[PDB]
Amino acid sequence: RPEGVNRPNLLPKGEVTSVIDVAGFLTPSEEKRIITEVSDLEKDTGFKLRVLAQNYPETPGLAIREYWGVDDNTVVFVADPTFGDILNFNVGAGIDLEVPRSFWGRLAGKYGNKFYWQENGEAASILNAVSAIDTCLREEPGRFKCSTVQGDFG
């Protein structure tokens, strides 16, 4: 409970990037793979997935608002083992309209439970969750949209 953490100092230095890995969970090559996926998704759908890997309270926190221009089309994925579900999804109102709410909890259960996180490591959890979000958001509308999660079969 620190007034809401707001640390511009923990933002990356140069040009905006859609991955802030404060915690050191991802290699540069893993970061690059997420950046590619996230760019493509945004190009194809207009949805903005942004990834913040952190250990609270070492977070840019409220600083990410201006940084990423957080809006109705933004899902902020916080991966942080200090808080609750480890995999935390902050879902813009525009995404919320297209995705069943149960999806985020199912995604968190699958790739975010503490056994999966410890066994497979932080990178694998994050990468697998990014891909499942990408897949979900790209689905055509329908009564069974995102009722299953990527990897369920494949």
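Note that residue numbering follows the sequence shown and begins at 1.
For the pair 124 to 132 and 81 to 89, the mean B factor over Cα atoms is greater in 81 to 89. When the modelled residues of the chain are ordered by their C-alpha B factor, residue 106 lands in the middle third. Among the modelled residues of its chain, residue 57 has a C-alpha B-factor that falls in the highest third, as given in the PDB entry. Ranked against the other modelled residues of its chain, the C-alpha B-factor of residue 115 as given in the entry falls in the highest third. Per the deposited record, the Cα B-factor of residue 23 falls in the middle third when ranked against the other modelled residues of its chain.
When the modelled residues of the chain are ordered by C-alpha B-factor, residue 100 sits in the middle third.
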